[PDB]
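Everything below concerns the one structure shown next.
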Amino acid sequence: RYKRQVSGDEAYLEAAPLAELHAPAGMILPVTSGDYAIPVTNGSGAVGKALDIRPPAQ
Amino acid sequence: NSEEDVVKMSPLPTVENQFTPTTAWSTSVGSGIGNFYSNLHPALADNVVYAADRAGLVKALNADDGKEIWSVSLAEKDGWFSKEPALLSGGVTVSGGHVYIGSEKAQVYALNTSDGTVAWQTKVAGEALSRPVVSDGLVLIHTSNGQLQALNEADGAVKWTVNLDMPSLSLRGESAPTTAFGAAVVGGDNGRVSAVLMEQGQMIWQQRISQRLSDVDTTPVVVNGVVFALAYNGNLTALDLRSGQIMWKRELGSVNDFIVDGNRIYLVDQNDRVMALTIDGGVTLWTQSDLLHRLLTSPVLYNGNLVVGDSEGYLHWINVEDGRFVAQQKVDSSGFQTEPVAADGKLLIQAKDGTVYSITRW
Amino acid sequence: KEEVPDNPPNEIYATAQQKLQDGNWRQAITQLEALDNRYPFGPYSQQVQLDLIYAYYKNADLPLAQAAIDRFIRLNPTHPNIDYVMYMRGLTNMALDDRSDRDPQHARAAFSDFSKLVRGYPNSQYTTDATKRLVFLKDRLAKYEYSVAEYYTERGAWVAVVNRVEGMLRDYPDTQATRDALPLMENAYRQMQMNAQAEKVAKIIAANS
Amino acid sequence: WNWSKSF
Amino acid sequence: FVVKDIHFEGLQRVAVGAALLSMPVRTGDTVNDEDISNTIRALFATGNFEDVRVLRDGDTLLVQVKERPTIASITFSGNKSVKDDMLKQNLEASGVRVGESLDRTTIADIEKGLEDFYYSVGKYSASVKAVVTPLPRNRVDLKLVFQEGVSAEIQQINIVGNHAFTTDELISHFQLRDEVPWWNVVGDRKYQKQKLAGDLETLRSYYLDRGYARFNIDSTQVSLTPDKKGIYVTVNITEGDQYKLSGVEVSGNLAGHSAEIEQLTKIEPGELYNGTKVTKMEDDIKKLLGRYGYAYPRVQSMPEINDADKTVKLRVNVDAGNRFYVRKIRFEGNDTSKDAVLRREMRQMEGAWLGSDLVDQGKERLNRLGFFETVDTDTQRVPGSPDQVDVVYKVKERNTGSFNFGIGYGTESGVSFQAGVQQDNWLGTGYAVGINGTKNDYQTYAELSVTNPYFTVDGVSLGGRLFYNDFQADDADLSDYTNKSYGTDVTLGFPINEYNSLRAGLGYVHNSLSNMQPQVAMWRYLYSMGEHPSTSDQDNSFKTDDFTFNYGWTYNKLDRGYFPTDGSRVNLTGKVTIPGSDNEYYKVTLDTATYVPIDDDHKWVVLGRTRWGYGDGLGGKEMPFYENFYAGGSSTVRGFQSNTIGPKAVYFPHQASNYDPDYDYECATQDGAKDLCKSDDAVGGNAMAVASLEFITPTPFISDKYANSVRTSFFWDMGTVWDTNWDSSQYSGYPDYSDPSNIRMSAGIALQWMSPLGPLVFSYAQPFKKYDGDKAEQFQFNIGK
Amino acid sequence: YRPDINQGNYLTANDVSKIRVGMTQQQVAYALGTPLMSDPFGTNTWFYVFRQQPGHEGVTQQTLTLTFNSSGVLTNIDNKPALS
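Chains as they are written, first to last, in our numbering: chain A, 18 to 75; chain B, 5 to 366; chain C, 2 to 210; chain D, 19 to 25; chain E, 20 to 804; chain F, 8 to 91.
Right under this line is the structure:
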């Protein structure tokens with residue numbers, strides 16, 4: 018209960034960005050399976066208490 | 005923590021005794037049946053009364069004073085320390101210098117009236133919970149498993165058996181057949197009245213007189229080629245003695261027996277409504293619901309008056325012409341559970357603590 | 002017990018809107034539950050459903066918000082403002098996640114939801130935050146797998162270790178836990194005397210750090 | 019007697 | 020009839036489009052009465068309309084309808100023994116719930132459904148009544164009044180067809196019950212089908228484990244009373260003659276392991292058939308075939324019986340299947356606990372071949388912790404692989420914290436109070452913290468405890484403990500001295516054999532001693548420790564700070580924890596003071612218990628207990644008189660007053676604190692005292708040896724139905740305690756307390772059982788050998804916590 | 008003090024003799040089974056490891072490295088029966 022009263026309000030954390038993994042010469046890394054992938058969604062919206070999550074009038 | 009009942013028990017009526025009952029005598033038997041449901045009840049034959057209890061004790065007494073002629077136990081003792089009861093549950097039946105009793109251990113005893121010595125003993129299929137009917141040199145027993153067996157009188161040898169169907173859940177009690185024109189009519193916990201020839205056991209017919217809902221017939225009756233049966237949470241019915249054609253019905257049930265006199269059927273519902281229907285169409289003549297949920301017993305017609313007991317111990321003499329209580333009496337505090345016995349001008353009854361009473365009126 | 006009179010819907014809804022703005026959710030929840038029961042087909046029952054999702058979210062009644070979201074998506078699958086509902090779904094699952102060794106199924110659900118949202122509608126306002134949350138959830142799942150591999154390294158199991166680190170290099174290759182887990186695979190390959198593969202793991206390491 | 023009351 | 024338009028009257032919730040869709044008829048088609056009736060029945064079947072009427076106006080097909088009032092609430096009144104939430108769950112499972120409508124003809128149906136639920140929970144005379152409150156806008160509330168009634172209890176359990184074993188002896192091993200005294204905890208008197216099947220299985224096992232292979236349960240019968248407040252059960256059976264086990268013959272794809280098995284199928288030709296042994300053979304073969312990789316090694320046992328000679332011959336069929344490998348192991352439901360807490364209990368490794376026995380072992384190990392209410396397993400397959408699988412353990416977490424209070428009584432400790440707050444999973448980590456306290460007639464104790472059960476992967480633990488202890492002696496049948504002590508302790512625990520367990524640790528303890536009666540066995544130690552107090556006064560204080568190394572070993576093999584019947588328990592404890600500490604001493608104690616049966620049903624037993632102890636000092640010092648050994652009581656030697664066996668006190672002539680005649684004083688100068696002074700109040704000894712030989716029998720007069728819950732014993736106890744440093748040359752007139760030949764014996768009877776107030780143990784003993792000063796207390800008891 | 012630690016594929020010593028140079032992957036999968044490990048760094052090369060370590064008694068590890076070709080065909084076998 019008390020734990021789920023913190024994330025609900027505003028709490029927003031930023032993490033370590035994602036950096037690609039290199040492949041040396043004479044070998045190659047495995048396949049990725051693209052199940053957990055992040056596309057690039059262009060645009061500059063708001064994040065972390067600057068976003069209005071108030072339901073609109075519709 | 006508290007305990008409550010859906011249905012509220014009824015109070016004790018207030019009546020003026022048009023005649024003041026009495027208690028001619030009372031004898032005690034050991035521990036009686038107790039808080040168990042049993043058919044075990046007294047008997048009477050030739051001015052002597054044979055009674056029993058649940059542990060294995062049996063007694064004979066005079067039907068005039070209460071003097072014990074003999075007494076005998078049937079619980080086997082492995083020495084002076086160990087003692088296992090017999091668990092008697094079959095109504096004492098006396099016919100022809102023999103005394104037939106049943107047990108919960110699937111054992112049927114036949115003693116002698118003189119000394120109490122076992123004339124024979126026999127193992128049966130299951131718990132013998134029925135009155136050991138006697139007819140045609142045979143002894144009909146109805147076991148809890150659904151098997152109706154016919155032992156012999158002088159030997160004890162099982163002559164034949166009939167397997168009646170039994171459901172999962174039922175009531176604690178089995179019907180005692182009735183014999184008529186060389187055929188035995190009986191009922192089972194399935195909701196069916198069944199007829200069987202006494203010689204071999206060939207099923208003549210079977211009818212369903214019912215209406216998790218249960219049904220149990222519990223000892224129909226027969227008059228002038230017409231059978232009368234009654235079920236639990238079901239329909240009272242009249243049937244033809246030879247084909248099973250329901251001639252008329254009526255939606256009301258009971259497990260406790262009923263009586264038929266003249267053109268009147270006196271019965272006691274499961275909710276304890278003493279009623280008197282007619283015999284041709286089931287027309288009701290009067291009702292008496294001043295005893296709702298008093299746990300009555302099977303009635304008996306003594307001197308033109310119905311007699312019924314109750315768990316509190318109060319015996320009620322009730323009129324039959326209209327249905328008004330003509331007397332009420334307090335006898336024992338343990339309570340009455342089994343049926344009375346009216347015969348030879350004597351009215352004997354037995355309580356849960358074994359105390360047999362004989363009732364009169366002055 | 003929070004008894005509500007039978008005033009017309011206008012004033013009930015205006016009072017609701019006049020209790021959310023202040024910061025009290027337990028009050029408006031009752032009014033909206035009423036205005037929903039008493040008028041399950043009114044002119045703005047949908048609006049009430051959105052407001053109820055918002056309220057149940059900010060009041061910590063998350064299972065009811067899940068139910069409301071599923072219902073709203075079944076009954077109005079083409080509602081213009083359905084992106085909001087998918088965002089709220091992701092947020093509810095993130096909150097239920099609430100601690101990287103613990104059950105990550107809620108995080109996987111949130112990832113799936115945010116993926117649906119961002120792939121379907123990228124020109125929305127509830128998307129950038131979606132990506133900023135997806136990165137976090139990915140790192141969380143990788144850290145869970147790393148914790149498992151660390152346990153199986155303590156124990157003495159060297160096949161589970163390599164299997165799980167390969168599964169990470171497959172599913173979560175672009176994280177830091179993965180970079181922190183290759184040494185475990187090297188140690189495992191070396192303990193089972195397979196050095197021809199530990200050399201490959203070292204080739205990979207030395208090419209990144 | 020021993021009463022336990024899991025809070 | 021051609022239809023050029025469609026119109027509706029009464030559509031409130033269901034849209035016009037939904038109606039137009041569900042209708043077979045549409046605008047622009049010919050219609051007859053048959054199609055109209057079809058439409059009416061469809062609208063009725065939609066479950067949202069109560070009364071429908073499709074009539075024809077001048078031109079339009081007019082549809083009148085009275086929608087069923089939408090249900091706005093479902094109230095309850097009278098659900099004492101049934102939770103409103105569970106009842107609402109059953110209801111919404113039936114179909115009716117909020118938001119839907121109310122079919123005004125299914126009232127009695129719902130009533131009978133709830134009545135059937137009550138019949139299923141035990142109550143058969145319950146009456147349900149559904150009241151219906153209308154409200155505007157075509158809404159309706161449905162109130163449910165419940166008359167619960169009185170429950171039905173079993174009055175009898177009978178078994179017919181049995182001749183070798185009495186019915187009571189069989190019922191004794193049932194989970195159902197027909198008798199429940201007020202002085203025992205044996206169970207309730209309720210009825211449930213599951214318990215009935217369990218009891219049938221128990222009976223079948225009781226019979227198959229004795230040679231009765233042809234045992235058969237013909238049928239069962241459950242019956243009620245016309246008042247429906249009593250239940251009767253009956254069980255017909257057919258026990259056939261006893262059968263022997265002539266031989267065994269195996270056949271199947273043993274996988275070349277036909278050698279390691281025939282040693283598992285060895286018997287004494289001419290043995291009594293048994294089912295437990297057959298199942299044990301099967302389980303052993305399965306464990307072997309799992310040891311060799313196979314995961315689902317089916318094993319079946321078919322007996323070929325011969326009645327002519329009454330010989331059984333088992334036929335074992337073995338089907339060792341294929342090898343399956345594990346790719347993953349998952350845990351779902353662990354929102355608080357971490358993965359390591361659940362994984363370190365798994366005996367099946369990820370990345371290895373499979374064994375179902377190991378999966379079950381892991382499930383049981385998870386069940387023992389107490390952090391999970393339910394624990395289920397699921398061995399899913401892998402898409403695109405016939406030899407790989409993924410195991411899954413689903414769990415439901417349980418609250419771990421525990422407030423606790425407790426009370427008890429006894430002759431030794433008078434009234435005893437206990438109180439503690441415990442936590443077993445601190446933030447989902449396995450740590451077990453707690454604060455506990457105890458208080459009796461002669462001591463207070465308060466401890467704060469912490470412990471990690473896995474300080475090392477193998478299972479090693481590391482504890483921790485702070486403790487405060489106040490101890491008054493005059494209240495313990497000893498000489499007067501008050502010790503207030505505080506300290507700390509840490510200890511590691513090493514398991515090695517699943518029955519043996521070592522432990523080793525360190526500790527610090529500070530003791531303050533005050534209110535001390537002058538006596539010789541005390542100065543003998545004081546002097547040793549440099550002090551030089553006075554004899555004519557008892558205002559004496561002494562403080563010590565000691566560091567101790569403690570060691571211990573434990574062996575437990577008892578078949579059961581409550582009322583054991585075979586096995587042995589053993590415990591060795593030891594302590595030694597390391598340099599730096601003020602005191603220099605070592606101490607050792609050894610407790611032993613051994614249960615040996617002499618029958619096959621484990622009702623006659625021979626119990627043997629021993630308690631040895633020895634301690635002493637090293638640097639010319641003596642052992643502290645507050646670490647001594649005490650004998651006598653309901654634990655060591657019965658028939659004697661607690662802590663009276665052994666040496667007595669030899670007081671000095673000494674004024675008292677506050678003199679007030681009519682009170683008994685121990686050799687005060689104010690009473691004509693001018694020399695040493697024997698006494699009868701114990702002090703303890705540095706050496707102790709105690710033994711007890713007990714014979715456990717069945718309770719003879721209590722019904723065999725529940726005589727297995729009471730334990731009756733006849734015991735012979737022996738004991739001695741003594742001091743090795745008593746100089747019998749200086750103090751001549753007074754006895755020699757360094758003689759161990761002074762053995763104290765007692766004999767008597769003991770009863771032991773379980774009560775709602777708590778465990779009960781009574782004992783009447785009569786010491787026949789006792790020496791000057793030993794106080795007797797024949798009757799003893801303890802209503803414990 | 009610790010339980011048995013088992014890892015890898017159970018090789019019965021009669022299957023490892025059923026494999027010749029020239030068999031595809033389906034054949035070795037029918038004979039021995041599907042392995043728990045491989046070489047994800049490009050090449051196709053399976054490793055059948057058989058490791059068992061009972062309570063404080065030692066470790067036994069048998070390794071069977073199977074080096075295939077580009078078209079699923081065995082090309083080399085290497086068996087290490089004991090570990091140094």
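Heads up, the beta-carbon is just placed ideally off N, CA and C, and yes, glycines get one too.
Between the CA atoms of residue j and residue i - distance to the nearest angstrom
i: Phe800 of chain E; j: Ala28 of chain B; result: 55 Å
i: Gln211 of chain E; j: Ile256 of chain E; result: 21 Å
i: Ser139 of chain E; j: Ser174 of chain B; result: 15 Å
i: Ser782 of chain E; j: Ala668 of chain E; result: 29 Å
i: residue 213 of chain C; j: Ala112 of chain E; result: Any property of residue 213 of chain C remains undetermined from this structure, which presents chain C solely from 2 to 210.
i: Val378 of chain E; j: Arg366 of chain E; result: 7 Å
i: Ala199 of chain B; j: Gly180 of chain E; result: 29 Å
i: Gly186 of chain B; j: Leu245 of chain B; result: 12 Å
Proximity to residue i [Cα-Cα], best of the options
i: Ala38 of chain E; options: E:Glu69, E:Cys686, E:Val82 and E:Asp160; result: E:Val82
i: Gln437 of chain E; options: E:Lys804, E:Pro672, E:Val21 and E:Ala650; result: E:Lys804
i: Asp130 of chain C; options: A:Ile70, A:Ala74 and A:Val64; result: A:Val64
i: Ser533 of chain E; options: E:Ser238, E:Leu80 and E:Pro552; result: E:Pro552
i: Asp284 of chain B; options: B:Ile105, B:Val103 and B:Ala242; result: B:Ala242
i: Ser116 of chain C; options: A:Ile70, A:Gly62 and A:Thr58; result: A:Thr58
i: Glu20 of chain B; options: B:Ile322, B:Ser362, B:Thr359 and B:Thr342; result: B:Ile322
i: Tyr53 of chain A; options: C:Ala207, C:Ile13, C:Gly168 and C:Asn82; result: C:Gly168
i: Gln75 of chain A; options: C:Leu170, C:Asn188, C:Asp84 and C:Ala61; result: C:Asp84
Any C-beta of chain G under 7 Å from that of residue i
i: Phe42 of chain C; result: Protein chains A, B, C, D, E and F are contained in the structure displayed, whereas chain G is not.
Range of the contiguous beta strand (DSSP E) that encloses residue i
i: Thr393 of chain E; result: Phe391 to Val401
i: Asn502 of chain E; result: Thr501 to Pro514
i: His320 of chain B; result: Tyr318 to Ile322
i: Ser531 of chain E; result: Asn519 to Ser533
i: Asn66 of chain B; result: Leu61 to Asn66
Where the alpha helix (DSSP H) containing residue i begins and where it ends
i: residue 221 of chain C; result: The question about residue 221 of chain C has no answer, for chain C in this structure spans 2 to 210.
i: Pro10 of chain C; result: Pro10 to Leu21
Proximity test, residue i beta-carbon vs the ligand NAD heavy atom, cut-off 6 Å
i: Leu106 of chain E; result: As presented, the structure is devoid of all ligands, the ligand NAD included, so that no description of it is given.
Nearest-angstrom Cβ-Cβ length linking residue i and residue j, presumed shorter than 8 Å
i: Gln59 of chain F; j: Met193 of chain C; result: Actually they are not in contact, since the Cβ atoms of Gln59 of chain F and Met193 of chain C sit about 13 Å apart, beyond 8 Å.
> Of the residues that make up the segment 150–176 of chain C, which ones have a beta carbon closer than 9 Å to any beta carbon in chain F?
Replying inline: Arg156, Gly157, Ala158, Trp159, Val160, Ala161, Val163, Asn164, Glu167, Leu170 and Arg171
>> Short of 9 Å Cβ to Cβ, which residues in the segment 77–96 of chain C face chain A?
In response: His80, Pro81, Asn82, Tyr85, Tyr88, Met89, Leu92, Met95 and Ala96
>> Using a Cβ-Cβ cutoff of 7 Å, what residues of the segment 79–102 of chain E are near chain C? List them in chain order.
In response: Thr89 and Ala91
> Can you list, in chain order, the residues of the segment 187–203 of chain C whose Cβ is nearer than 9 Å to any Cβ on chain A?
Replying inline: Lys201
>> Please list, in chain order, the residues of the segment 401–427 of chain E that have any C-beta partner in chain D closer than 9 Å.
In response: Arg417, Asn418, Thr419, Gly420, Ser421, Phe422, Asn423, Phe424, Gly425, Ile426 and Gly427
>> Beta carbons nearer than 9 Å to chain E: which residues of the segment 159–188 of chain B have them?
In response: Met170, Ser172, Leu173, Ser174, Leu175, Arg176 and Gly177
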